[PDB]
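To start, the structure itself, in structure tokens.
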Amino acid sequence: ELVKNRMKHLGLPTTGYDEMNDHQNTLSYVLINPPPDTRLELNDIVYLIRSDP
Amino acid sequence: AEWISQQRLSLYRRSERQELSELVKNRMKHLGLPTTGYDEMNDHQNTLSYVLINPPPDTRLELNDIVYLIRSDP
Amino acid sequence: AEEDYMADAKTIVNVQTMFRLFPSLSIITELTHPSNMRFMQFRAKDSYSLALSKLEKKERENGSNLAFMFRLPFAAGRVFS
Amino acid sequence: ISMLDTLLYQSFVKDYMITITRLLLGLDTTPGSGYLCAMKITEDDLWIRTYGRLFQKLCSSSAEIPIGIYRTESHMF
Amino acid sequence: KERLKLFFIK
Amino acid sequence: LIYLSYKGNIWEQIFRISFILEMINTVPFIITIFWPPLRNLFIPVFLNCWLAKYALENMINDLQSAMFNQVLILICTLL
Amino acid sequence: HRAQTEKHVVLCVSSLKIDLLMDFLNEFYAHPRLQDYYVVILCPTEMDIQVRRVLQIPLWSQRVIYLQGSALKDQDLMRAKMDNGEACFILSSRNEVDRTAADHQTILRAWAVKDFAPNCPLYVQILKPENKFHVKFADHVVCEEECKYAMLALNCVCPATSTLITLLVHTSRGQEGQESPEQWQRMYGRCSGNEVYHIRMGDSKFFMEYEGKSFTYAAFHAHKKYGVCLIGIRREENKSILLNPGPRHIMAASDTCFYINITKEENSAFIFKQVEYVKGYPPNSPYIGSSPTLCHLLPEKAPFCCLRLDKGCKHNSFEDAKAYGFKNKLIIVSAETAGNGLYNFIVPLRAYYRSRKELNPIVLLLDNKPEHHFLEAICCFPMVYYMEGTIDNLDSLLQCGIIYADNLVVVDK
């Protein structure tokens, strides 16, 4: 409600605090060169290495 | 742009002498000046030099030496 | 500055910038301390400049006042203390 | 920045290390080298189960070797 | 040299 | 302990404070084994105090840090 | 007599603290091959009380030595004896308020060591990339600004590249998370040991007969078999190291290959047995050693008015970030001044190899104004803007668009 009052002062759409910014607080961590047998969970991000054309 | 990819070979395989010349050359285009003055007017010399004070009479005189004279008042 | 010889670093770096930019340009300066003649128009990859440092040590060992003498920027007349 | 100092200290025995850490970011533009990038494992990507099998797709697709992964478990405070 | 050195000093 | 820290120089190890004191004591005891009449000869094994003194210094400083522990060695050195 | 026979390592510094010292003490002695080497400090200013507590610990009292003096004068070099030194480190202390002042002094020390001892290898550390080329003669340079801002930029593309590099550069056997109960904690402890190592193709347990085969063809066959990721190659013709060469690189018989594992082959053989953008170079390189990466750029370089959000220019008069209508979520960067680090931020983020529709727009929340030096450098790049504000002031942030933003970089002093 503090931020929502600042949005009315600036003249902006107030929907963006709750709707656009959905509040997630999930744990996260990194791994580097794991074993081949290691599994792959959903929404994991893999550090690839590309090459130059 | 099929051929502009080769520009990286020119950039990578390069000396700091070229980097600094091309830095100054870009500043000259910004100011609106003739770009010829870096290489042509400023020819790059790196010769050794030193001074001598009251040498012997037998001592020689090389080319492009500068002699400290003393003039007099009219 | 807390230490002595580091006080006039700004000038040496700004000149060494101008030295690398314009080798043609003869550039003269008055640096405060006489220890920093060596750093004036400093040569990184040149053995002749680095050889003179060992010669400059034997000058100080023998008890000579004019130690800074043999540095190239001094004798050329492009710096003095 | 402790890591940037440790980089310098470890680089004594490992001379190459400085060039690797610089290339990993993409500062030194060495023609033959590449760069580091991401690929999100979405609902469609669970086709493959393990990390070893993941090479068969990524290596045979377009020269893409992986270094490591970045998981996201559920633990709400 | 190999065996006793890991137990004595290290 | 010589074969662990055999760092080129052997004279870094032999002619030292900890080592010479040991060789003054232990070398006679090996001579008493081979020679049968030298059991009754005087051997200065009382000097093992100065070796035990030096054995404490290396042991104690393995782990205030060395205020009470140092002063206890300074009593041992005198006694 | 110590300097002739025994080893010798040096450390020059502006003002030695506990964080510079302790991290160096732990990381240097962590190397098993390099344990018996002696260390010497060359600090101008006086000692702290905390640093004396570290030196007086039994083992560090033996090897670690403190010489109170400067690298400029030769007496401090003569007592240390640099000429027969194995290595020499020079740290720019994150200590002085003015960054350029601390750096100019550090560069002046680098020349003093070079002039005294020619063959002694320099492991110099430098703050500003502006004054990087003054120490390009040295073997190993570490521009802390470049490396800081480049990781922060790359963190936006791939989440945690900061930690990814932190574990590679940190020395570790990898004995962590053993007593820890949870699954992720123990597996994260295995990854601590993972560091990049080097081996030649001749003496290769892993890559014994994968020469005629392709690059990734070797790594997949190797990793499933043993568990090692192939990274880089440099043949004897030239020392230019690579990172993921394509399939066209054939694996030669004598190339110093690079790879990631917990330890190298020689240390442990346990596992061994059993829309109108333009792609081009950025013209205004603000510093000398700026290796220009190929990047997305505007065709016409937009003026100083169009860069600033805060005021409506005489081209497209808009004030806040919402009026522009930025597709894709935003990235923000708070900063003290418009330094050359913020140029090094933009380079890896605005590359040609990045997808143009994935280009998340950039905002530089500067505390001070931007200089004419930096404004001309940044001028060329697309979808990058600035506003004079701080993180403490809430209203300044909401104009930039916190309401829709993936990341927000912060750099203060």
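Below are the figures for this structure:
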read-out: Verdict on residue A:17 being within 7 Å of chain D (Cβ to nearest Cβ) and either aliphatic (A, V, I, L, M) or surrounded by 15 or more Cβ atoms within 10 Å (Cβ to Cβ) (or both); value: no
read-out: Members of region A:32-53 that are closer than 30 Å to residue G:352 by Cβ and not in a loop (DSSP other than H, G, I, E, B); value: A:32, A:44, A:45, A:46, A:47, A:48, A:49
read-out: Conditions (1) in a loop (DSSP other than H, G, I, E, B); (2) under 19 Å from the mean Cα position of the chain (by Cα); (3) among the aliphatic types (A, V, I, L, M): number failed by residue B:23; value: (1)
read-out: Given (1) within 14 Å of chain G (Cβ to nearest Cβ); (2) surrounded by 12 or more Cβ atoms within 10 Å (Cβ to Cβ), index of the condition residue C:27 fails; value: (1)
read-out: Scope region C:30-55; condition of a type in the set (S, T, N, Q) and either closer than 22 Å to residue G:119 by Cα or facing another protein chain (nearest Cβ under 9 Å) (or both); matching residues; value: C:35, C:36, C:41, C:47, C:49, C:53
read-out: Scan of region D:22-59 for residues that are in contact with a helix residue (DSSP H, G or I) (Cβ under 8 Å, 6 or more places away or on another chain) and of a type in the set (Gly, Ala, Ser), ordered by number; value: D:26, D:33, D:38, D:52
read-out: Residue ID - surrounded by the fewest Cβ atoms within 10 Å (Cβ to Cβ), chosen from residues in region C:41-74 that are within 21 Å of residue B:46 (Cβ to Cβ) and among the charged types (D, E, K, R); value: C:45
read-out: Flag for residue G:206 being more than 11 Å from every other protein chain (Cβ to nearest Cβ), surrounded by 14 or more Cβ atoms within 10 Å (Cβ to Cβ), closer than 27 Å to residue A:37 by Cβ and out of contact with any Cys (no Cβ under 6 Å at 6 or more places or on another chain); value: yes
read-out: Number of the condition not met by residue B:40 [criteria: (1) surrounded by 10 or more Cβ atoms within 10 Å (Cβ to Cβ); (2) over 29 Å from residue D:31 (Cα atoms); (3) within 14 Å of chain C (Cβ to nearest Cβ)]; value: (1)
read-out: Unmet criterion (only one of (1) among the small types (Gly, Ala, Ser); (2) within 11 Å of another protein chain (Cβ to nearest Cβ); (3) touching a helix residue (DSSP H, G or I) at 6+ places or on another chain (Cβ under 8 Å); (4) surrounded by fewer than 16 Cβ atoms within 10 Å (Cβ to Cβ)) for residue C:77; value: (3)
read-out: Of all residues in region D:57-68 being at the interface with chain A (Cβ under 7 Å from one of its Cβ atoms) and small (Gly, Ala, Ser), the one that is farthest from residue G:354 (Cα to Cα); value: D:68
read-out: Selection count, region G:121-130, where residues are assigned to a loop (DSSP other than H, G, I, E, B), within 11 Å of chain C (Cβ to nearest Cβ) and touching a helix residue (DSSP H, G or I) at 6+ places or on another chain (Cβ under 7 Å); value: 1
read-out: Selected residue (only one of G:211, G:276, G:236, G:319 is farther than 24 Å from residue G:167 by Cβ, touching a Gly at 6+ places or on another chain (Cβ under 6 Å) and among the charged types (D, E, K, R)); value: G:319
read-out: Unmet requirement for residue G:170, which otherwise passes all of (1) in contact with a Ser or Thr (Cβ under 6 Å, 6 or more places away or on another chain); (2) more than 8 Å from every other protein chain (Cβ to nearest Cβ); value: (2)
read-out: Entirely in chain C, the helices (runs of 4 or more DSSP H) that have 2 or more residues that are not hydrophobic (A, V, I, L, M, F, W, C); value: C:9-21, C:47-62
read-out: Tally, over region A:39-53, of residues that are within 19 Å of residue G:231 (Cβ to Cβ) and hydrophobic (A, V, I, L, M, F, W, C); value: 3
read-out: Subset of region G:131-150 (residues that are out of contact with any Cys (no Cβ under 7 Å at 6 or more places or on another chain) and more than 11 Å from chain C (Cβ to nearest Cβ)); value: G:139, G:140, G:141, G:142, G:143, G:144, G:145, G:146, G:147, G:148, G:149, G:150
read-out: Leading residue by the ranking (surrounded by the most Cβ atoms within 10 Å (Cβ to Cβ)) among those in region A:20-34 that are touching a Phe, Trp or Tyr at 6+ places or on another chain (Cβ under 9 Å) and more than 7 Å from chain D (Cβ to nearest Cβ); value: A:21
read-out: Among the residues listed as F:12, F:22, the single one being within 14 Å of chain G (Cβ to nearest Cβ) and either surrounded by 12 or more Cβ atoms within 10 Å (Cβ to Cβ) or part of a loop (DSSP other than H, G, I, E, B) (or both); value: F:12
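Let's see how each residue does on (1) in contact with a helix residue (DSSP H, G or I) (Cβ under 6 Å, 6 or more places away or on another chain); (2) over 16 Å from residue D:1 (Cβ atoms):
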position: G:85; (1), (2): no, yes
position: G:96; (1), (2): yes, no
position: G:105; (1), (2): yes, yes
position: G:115; (1), (2): yes, yes
position: G:132; (1), (2): no, yes
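Rundown of residues vs (1) at the interface with another protein chain (Cβ under 7 Å from one of its Cβ atoms); (2) part of a loop (DSSP other than H, G, I, E, B); (3) over 14 Å from the mean Cα position of the chain (by Cα); (4) not hydroxyl-bearing (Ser, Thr, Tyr), yes/no style:
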residue: D:4; (1), (2), (3), (4): yes, no, yes, yes
residue: D:7; (1), (2), (3), (4): yes, no, yes, yes
residue: D:23; (1), (2), (3), (4): yes, no, no, yes
residue: D:37; (1), (2), (3), (4): yes, no, no, yes
residue: D:46; (1), (2), (3), (4): yes, no, yes, yes
residue: D:55; (1), (2), (3), (4): yes, no, no, yes
residue: D:70; (1), (2), (3), (4): yes, no, no, no
residue: D:73; (1), (2), (3), (4): yes, yes, yes, yes
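Ideal geometry is used to build each Cβ from the backbone, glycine not excepted, and the neighbour counts take in all protein chains shown. Each value in this text was obtained by applying a stated rule to the coordinates, not by laboratory testing.
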